[PDB]
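Before any comments, here is the structure.
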Amino acid sequence: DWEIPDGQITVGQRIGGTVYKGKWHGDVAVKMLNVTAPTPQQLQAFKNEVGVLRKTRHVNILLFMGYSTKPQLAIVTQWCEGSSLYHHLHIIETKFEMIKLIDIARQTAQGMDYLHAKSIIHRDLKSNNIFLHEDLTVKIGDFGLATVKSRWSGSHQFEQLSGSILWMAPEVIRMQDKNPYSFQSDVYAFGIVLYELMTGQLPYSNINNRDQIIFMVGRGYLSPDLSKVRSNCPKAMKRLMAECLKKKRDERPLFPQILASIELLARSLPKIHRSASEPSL
Amino acid sequence: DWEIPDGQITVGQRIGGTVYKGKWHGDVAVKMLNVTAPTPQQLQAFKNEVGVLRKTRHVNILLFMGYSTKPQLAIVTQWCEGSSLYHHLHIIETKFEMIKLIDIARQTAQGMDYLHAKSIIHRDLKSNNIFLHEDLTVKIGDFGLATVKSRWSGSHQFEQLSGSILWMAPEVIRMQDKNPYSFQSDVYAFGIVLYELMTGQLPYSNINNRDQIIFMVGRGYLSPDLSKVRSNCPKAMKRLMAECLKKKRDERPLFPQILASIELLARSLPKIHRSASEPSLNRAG
Amino acid sequence: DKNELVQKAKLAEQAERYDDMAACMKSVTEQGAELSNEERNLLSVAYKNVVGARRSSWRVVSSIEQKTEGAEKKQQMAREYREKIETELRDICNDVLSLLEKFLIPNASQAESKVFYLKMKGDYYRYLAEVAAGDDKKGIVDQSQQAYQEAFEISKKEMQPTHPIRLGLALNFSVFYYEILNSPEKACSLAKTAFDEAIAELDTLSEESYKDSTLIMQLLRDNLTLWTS
Amino acid sequence: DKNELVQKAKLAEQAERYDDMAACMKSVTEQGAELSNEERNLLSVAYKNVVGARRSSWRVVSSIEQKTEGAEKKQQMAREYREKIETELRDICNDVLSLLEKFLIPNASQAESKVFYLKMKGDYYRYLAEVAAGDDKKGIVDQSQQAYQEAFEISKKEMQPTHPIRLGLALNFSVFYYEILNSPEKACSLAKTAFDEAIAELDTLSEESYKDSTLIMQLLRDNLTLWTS
């Protein structure tokens, strides 16, 4: 059991439910709720999120460590030193080499492959939920929207659509099915991540109308402009990105096929330095 | 559930039960048995080892990933790049700075604190079961002798003493109680680890008689020569080492007191660092 | 042509040629007219990079000079080079400081501009202090203290506690306390209160300087933890 | 005092002041006596670092000049700075090259020394070529080719295929083919055969230059893979 008896956790600073840097057998991350009276809906949220994390043990899933109920509802996970992929790419504009970018793609795919293999759909994959831990290891986090595929189609009930729009698949936005999420919707989000990785920018930078993007993407009018990929982007990546981004969800590859591709993408790829010449001993 | 369906794991090279480098959603470490007919004793061994690992999720415990039964009993864990503490200290004689050595102590203590907090006694802590992963992070591994403290002094029964002698506490060697293991026995082993860290050598280097060491340590005649600590070793560490090594087990500190004392050893220590001068805002870009 | 001199300045900057960069903006400032604030920032980047290259060389060689405690010959050689590096470093600081006294501080028309240039004046006198010995030094230290103090007074009165510039001033003024005046407690309480005051008013952060304010707050707290070691 | 001038040179090197470093070794070479080989290496490091700083600035600005296809004003500005950087770069290459013609090549008494200085002469003419346009250029390219070729001939006859210096010569001479003479196939076969010939004789590696030989072999193979792209 993973319940942490009350008193042991020592909440500290804040970062962004709500997330604090705390203390429990070393630095940890604490994501407890600030609602004194947890509604039974916030309760099932918590129960579900814990339920999912419990099933994860993989170097690219951010490490769930335990949960607390007593003071407030909270989830404890490993602490990360270093920034999110969002932060590297759009804030400090880290100048990663293409081999590194490919590798970040590869690890992110590795973590997703592992989740889907245990039937977990993340539902909120983005560039802010992908952490470059110690600058070397991709840890996928925030499982607040994560869910496990039910064998029955009569247990989906109802859920108000939430999430970041830039990573939402057209079918998710449209929200026409009982359950529009699928492994494939996660792939699409990963598709947008490839976009950030191969271009350095978020999609739809000319459009700042939030409702317009939701409407135009859901309708099929709007889709990422793949021409904005930087010139050092391997052709195989551009293709792989366009495939993850297909509007018809079933046309998207799944993560083994994604790892099967990216697995050979960096396998038969050329990461050289051109200049070479003769460096001083 | 953590059972890995047969066929998925792809065993490769060998390293040292027996341990292979394999493949299962990336590089992993595979520790499967080579006995085609698992005795019910080897079976309970496996069941127990898995049982313990299942309860661990901490950055300083080597990451259990799952187990296999079908082909051969096996435990799958994260792969580590980089060497054991044993290898750094006695093979390639890595010239760690004292702040690093203290930090390795600190992390090792952190992992042990976490285990004891969930009532797991490791029972085989040494310098070969402590991995410096990517040279930066201590991961404690090999839980083949690990056990969970039973509330009832009616489960110890009989277990044949096994383990490396240089890290065995005198009470463990003597093996007079039904259960001579305790959190404190783990501390003693960690004590010997401090010894390797602060001295660069294993204990009893003048003695090469295996049975003599077992006999002299169990009897009280023999104990590590603390004079062999290198001169840059903070006095607080030498004291802390001598305390972890006390012969009377109850006189040894436990890991919070060990993590609380180590936290201060590095608090007022002699270290360089310091910078942050008018860090060029550079509100350009 | 102030706009040519400025366009070359950014070209210099991309080519990593900060002495050219600094020469452009110098002659801009000399046209006697108020710097814009893209301009002001270009000047500050240039000279921070130009002076920082000397400060860093000074520190390396000053260190060699101390690790060669005779070793008289090596120590004489190290001393000489140190002093050659110093004199480049003084010319750079005097250059900046006369720009501040002659154009930028007199022309500063808004409060934020005065705090920025008075901080800068605190900064360049501090770089002269890092390097002064004896007779010079008290005067130089007084001037640094006095500029920071004036700046600090105006910024407390006119600016929001999370303003990058007020935060940066507190950062640098606290560094001056710790490093130049060897008063760590004063340095710690100056940095602690600037940090706490910005935490109290996070609503004052704005979209476009959010990033810098946040980074400086982190730098405040890192010095504190270093100084409490 | 050749030993003072050399001791300062290493001091300059630790302080990352390669123009001072290069000035010391220059005046050493000028004392007209054969350089030792710790000396020779100090000279080569200095000028490689001094010239490399200009080459890299040249490339940045040359690039800006091409990305500003009028944009005439920006392109004129970029052109001018390029040409100012060139003339620093030519002075540096001529300085080295006259040291080579006047002292180092004439005084080279052992085969390894001649290959080293003739390669170096291939190198500095190649840096002049990178940057020459028109009338100058064929002459400059011929001289680079001729030095490398002579070097290459001596090294094939006198040195082991794994010698760092012979490997480095093959590396640089192959780079000259690819980059200056736009002949990739010739560049590829020169680099391939230098690699294969060193693999054939790994027994010739020695404890003290093992490391450099190994690194150059890797660099040979990396250019090949780049060039076959």
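The chains in the structure tokens are called A, B, ... from first to last as shown; in each chain the residues are counted from 1, and the ligands are counted from 1 in the order shown.
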(request) Output as a list in words the set of chain A residues within 8 Å of chain B, with distances taken over only C-alpha atoms. (result)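 Going by the stated atoms only, the list reads residues 1, 25, 26, 55, 57, 58, 59, 63, 64, 65, 78, 110 and 114 of chain A.
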Selection from above, N, CA, C and O atoms, as a PDB file, in the first residue's frame, can you write it?
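Below is the file that was written, result.pdb:
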ATOM      1  N   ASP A   1       0.818  -1.208   0.000  1.00  0.00           N
ATOM      2  CA  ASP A   1       0.000   0.000   0.000  1.00  0.00           C
ATOM      3  C   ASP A   1       0.859   1.269   0.000  1.00  0.00           C
ATOM      4  O   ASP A   1       1.967   1.286   0.549  1.00  0.00           O
ATOM      5  N   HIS A  25      11.552  11.721   2.378  1.00  0.00           N
ATOM      6  CA  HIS A  25      12.671  10.858   2.024  1.00  0.00           C
ATOM      7  C   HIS A  25      13.410  11.447   0.859  1.00  0.00           C
ATOM      8  O   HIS A  25      13.723  10.741  -0.092  1.00  0.00           O
ATOM      9  N   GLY A  26      13.682  12.746   0.938  1.00  0.00           N
ATOM     10  CA  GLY A  26      14.368  13.472  -0.115  1.00  0.00           C
ATOM     11  C   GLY A  26      13.426  14.449  -0.787  1.00  0.00           C
ATOM     12  O   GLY A  26      12.261  14.559  -0.408  1.00  0.00           O
ATOM     13  N   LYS A  55       0.102   1.605 -11.590  1.00  0.00           N
ATOM     14  CA  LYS A  55       0.469   0.594 -12.567  1.00  0.00           C
ATOM     15  C   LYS A  55       1.706   0.967 -13.365  1.00  0.00           C
ATOM     16  O   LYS A  55       2.060   0.253 -14.300  1.00  0.00           O
ATOM     17  N   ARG A  57       5.759   1.627 -13.766  1.00  0.00           N
ATOM     18  CA  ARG A  57       7.153   1.529 -13.335  1.00  0.00           C
ATOM     19  C   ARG A  57       8.000   1.450 -14.583  1.00  0.00           C
ATOM     20  O   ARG A  57       8.152   0.374 -15.160  1.00  0.00           O
ATOM     21  N   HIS A  58       8.528   2.586 -15.014  1.00  0.00           N
ATOM     22  CA  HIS A  58       9.298   2.651 -16.237  1.00  0.00           C
ATOM     23  C   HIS A  58      10.114   3.921 -16.145  1.00  0.00           C
ATOM     24  O   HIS A  58       9.660   4.916 -15.623  1.00  0.00           O
ATOM     25  N   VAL A  59      11.342   3.886 -16.635  1.00  0.00           N
ATOM     26  CA  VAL A  59      12.210   5.055 -16.513  1.00  0.00           C
ATOM     27  C   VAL A  59      11.684   6.320 -17.235  1.00  0.00           C
ATOM     28  O   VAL A  59      12.138   7.418 -16.940  1.00  0.00           O
ATOM     29  N   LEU A  63       8.091   9.146 -11.676  1.00  0.00           N
ATOM     30  CA  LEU A  63       7.920   8.095 -10.676  1.00  0.00           C
ATOM     31  C   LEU A  63       6.907   8.411  -9.568  1.00  0.00           C
ATOM     32  O   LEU A  63       7.160   9.223  -8.671  1.00  0.00           O
ATOM     33  N   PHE A  64       5.758   7.754  -9.621  1.00  0.00           N
ATOM     34  CA  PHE A  64       4.787   7.866  -8.552  1.00  0.00           C
ATOM     35  C   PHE A  64       5.416   7.290  -7.276  1.00  0.00           C
ATOM     36  O   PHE A  64       5.994   6.210  -7.313  1.00  0.00           O
ATOM     37  N   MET A  65       5.312   8.013  -6.161  1.00  0.00           N
ATOM     38  CA  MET A  65       5.894   7.547  -4.889  1.00  0.00           C
ATOM     39  C   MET A  65       4.896   7.209  -3.788  1.00  0.00           C
ATOM     40  O   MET A  65       5.179   6.365  -2.940  1.00  0.00           O
ATOM     41  N   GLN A  78       8.510  11.590  -7.702  1.00  0.00           N
ATOM     42  CA  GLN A  78       9.917  11.998  -7.691  1.00  0.00           C
ATOM     43  C   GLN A  78      10.033  13.476  -7.992  1.00  0.00           C
ATOM     44  O   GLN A  78       9.184  14.036  -8.659  1.00  0.00           O
ATOM     45  N   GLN A 110       8.866   5.877 -26.116  1.00  0.00           N
ATOM     46  CA  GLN A 110       9.112   4.734 -25.249  1.00  0.00           C
ATOM     47  C   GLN A 110       8.178   4.720 -24.046  1.00  0.00           C
ATOM     48  O   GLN A 110       7.575   3.686 -23.720  1.00  0.00           O
ATOM     49  N   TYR A 114       4.874   2.132 -23.401  1.00  0.00           N
ATOM     50  CA  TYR A 114       4.729   1.427 -22.141  1.00  0.00           C
ATOM     51  C   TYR A 114       3.341   1.629 -21.526  1.00  0.00           C
ATOM     52  O   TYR A 114       2.745   0.690 -21.021  1.00  0.00           O
TER      53      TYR A 114
END
Which residues of chain B come within 12 Å of chain C, and what is each one's closest atom pair and distance in Å (one decimal), counting only C-alpha atoms, sorted by chain and residue number, as JSON lines?
{"residue": "B:264", "atom": "CA", "partner": "C:229", "partner_atom": "CA", "distance": 11.1}
{"residue": "B:266", "atom": "CA", "partner": "C:229", "partner_atom": "CA", "distance": 9.8}
{"residue": "B:267", "atom": "CA", "partner": "C:229", "partner_atom": "CA", "distance": 7.0}
{"residue": "B:268", "atom": "CA", "partner": "C:229", "partner_atom": "CA", "distance": 6.7}
{"residue": "B:269", "atom": "CA", "partner": "C:229", "partner_atom": "CA", "distance": 8.7}
{"residue": "B:270", "atom": "CA", "partner": "C:229", "partner_atom": "CA", "distance": 9.8}
{"residue": "B:271", "atom": "CA", "partner": "C:229", "partner_atom": "CA", "distance": 9.5}
{"residue": "B:272", "atom": "CA", "partner": "C:226", "partner_atom": "CA", "distance": 10.4}
{"residue": "B:273", "atom": "CA", "partner": "C:226", "partner_atom": "CA", "distance": 8.3}
{"residue": "B:274", "atom": "CA", "partner": "C:226", "partner_atom": "CA", "distance": 6.2}
{"residue": "B:275", "atom": "CA", "partner": "C:223", "partner_atom": "CA", "distance": 7.7}
{"residue": "B:276", "atom": "CA", "partner": "C:223", "partner_atom": "CA", "distance": 6.6}
{"residue": "B:277", "atom": "CA", "partner": "C:175", "partner_atom": "CA", "distance": 6.8}
{"residue": "B:278", "atom": "CA", "partner": "C:172", "partner_atom": "CA", "distance": 5.2}
{"residue": "B:279", "atom": "CA", "partner": "C:219", "partner_atom": "CA", "distance": 8.0}
{"residue": "B:280", "atom": "CA", "partner": "C:48", "partner_atom": "CA", "distance": 7.1}
{"residue": "B:281", "atom": "CA", "partner": "C:212", "partner_atom": "CA", "distance": 6.9}
{"residue": "B:282", "atom": "CA", "partner": "C:45", "partner_atom": "CA", "distance": 6.2}
{"residue": "B:283", "atom": "CA", "partner": "C:212", "partner_atom": "CA", "distance": 7.0}
{"residue": "B:284", "atom": "CA", "partner": "C:41", "partner_atom": "CA", "distance": 6.8}
{"residue": "B:285", "atom": "CA", "partner": "C:41", "partner_atom": "CA", "distance": 10.5}
Using only C-alpha atoms, what table do you get, as a Markdown table, when you list each residue of chain C with an atom no more than 12 Å from chain D, its nearest pair of atoms, and their distance in Å rounded to one decimal, rows by chain then rising number?
| residue | atom | partner | partner_atom | distance |
| --- | --- | --- | --- | --- |
| C:3 | CA | D:73 | CA | 11.7 |
| C:4 | CA | D:73 | CA | 9.1 |
| C:5 | CA | D:77 | CA | 10.5 |
| C:6 | CA | D:74 | CA | 11.8 |
| C:7 | CA | D:74 | CA | 8.1 |
| C:8 | CA | D:77 | CA | 7.1 |
| C:9 | CA | D:77 | CA | 10.8 |
| C:10 | CA | D:74 | CA | 10.9 |
| C:11 | CA | D:78 | CA | 7.8 |
| C:12 | CA | D:81 | CA | 8.9 |
| C:13 | CA | D:61 | CA | 10.9 |
| C:14 | CA | D:60 | CA | 8.2 |
| C:15 | CA | D:60 | CA | 6.0 |
| C:16 | CA | D:57 | CA | 7.7 |
| C:17 | CA | D:57 | CA | 8.3 |
| C:18 | CA | D:57 | CA | 11.9 |
| C:20 | CA | D:81 | CA | 10.0 |
| C:53 | CA | D:16 | CA | 10.6 |
| C:54 | CA | D:15 | CA | 10.7 |
| C:55 | CA | D:15 | CA | 11.8 |
| C:56 | CA | D:15 | CA | 9.2 |
| C:57 | CA | D:15 | CA | 6.3 |
| C:58 | CA | D:15 | CA | 8.8 |
| C:59 | CA | D:15 | CA | 9.4 |
| C:60 | CA | D:15 | CA | 6.2 |
| C:61 | CA | D:15 | CA | 6.6 |
| C:62 | CA | D:15 | CA | 10.3 |
| C:63 | CA | D:15 | CA | 10.4 |
| C:64 | CA | D:11 | CA | 8.9 |
| C:65 | CA | D:11 | CA | 10.9 |
| C:68 | CA | D:11 | CA | 11.9 |
| C:73 | CA | D:4 | CA | 9.4 |
| C:74 | CA | D:8 | CA | 8.5 |
| C:75 | CA | D:11 | CA | 11.0 |
| C:76 | CA | D:8 | CA | 11.0 |
| C:77 | CA | D:8 | CA | 7.4 |
| C:78 | CA | D:11 | CA | 8.1 |
| C:79 | CA | D:11 | CA | 11.8 |
| C:80 | CA | D:8 | CA | 11.1 |
| C:81 | CA | D:12 | CA | 9.1 |
| C:82 | CA | D:15 | CA | 10.5 |
| C:84 | CA | D:20 | CA | 11.7 |
| C:85 | CA | D:17 | CA | 10.9 |
(message) I need the chain A residues near chain C as number ranges by chain; criterion: at most 12 Å, counting only C-alpha atoms.
(response) A: 13-15, 87, 90-92
(message) Using Å and a single decimal, report how far atom CA of residue D:180 sits from atom CA of residue D:26.
(response)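 The value is 28.0 Å.
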